[PDB]
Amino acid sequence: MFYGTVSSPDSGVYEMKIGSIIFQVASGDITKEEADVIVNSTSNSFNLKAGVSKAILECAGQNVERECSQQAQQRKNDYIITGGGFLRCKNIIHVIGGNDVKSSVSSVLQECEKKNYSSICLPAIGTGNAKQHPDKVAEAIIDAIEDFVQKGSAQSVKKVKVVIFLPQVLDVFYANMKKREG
């Protein structure tokens, strides 16, 4: 009803269509990517500096760190939106690694439509300090995108890319894409 064919457009990149959205996966350092939004996977205090979160806050810089702690003390947040700092993006959306991954990705997609953004880059949310299982994380990320497309909500969003720190986790995402393909 939605899934296209899995192929490799560039060395180390694997893609398929989900409705009108191009979904891609690759291994690498997410802080070297350019996109309208980059997603951080962090703690419920939005101040963690371990794994992906360490790289994102160090690269983004101290003003982004300060924006995070200011919003954390203002109210109870499921996620927060900051500037991009010295990352190559318009905004960072910081999600909680321990939360339901399908819910977190659905929120990211909705916030990107609100800003008329076209591109998103995310890590394998939850697979760091939160120690969620990679197979369940891949299923949840792709399920969120399918639901967004099924509801007719994809208008501005055209490209969603997962950049994954460990090659072994990339293999789990690729297998899930092959399970779903048309």
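Here, rigid core means the biggest group of C-alpha atoms that superpose within 1.5 Å across both forms. Position 1 is the first residue in the sequence shown; the rest follow in order.
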Quick one: with the core lined up, is it 10-18 or 154-162 that wanders further in 8 other deposited structures of this protein, going by C-alpha RMS? 10-18
Give the stretch, out of 74-82 and 94-102, with the larger mean C-alpha temperature factor in the deposited entry. 74-82
Please compare 39-47 with 59-67 and name the stretch with the higher mean C-alpha B-factor in the deposited structure. 59-67
Scanning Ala144, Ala138, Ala154, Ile30 for peak Cα temperature factor in the entry gives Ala154
Third of the chain's Cα B-factor distribution that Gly128 belongs to, per the entry: highest
Determine, from the deposited record, the chain-internal third of the Cα B-factor for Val13: lowest, middle or highest. highest
Quick one: classify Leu170 as lowest, middle or highest third of the chain based on its Cα B-factor. middle
Where does the C-alpha B-factor of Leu122 rank in its chain, lowest, middle or highest third? lowest
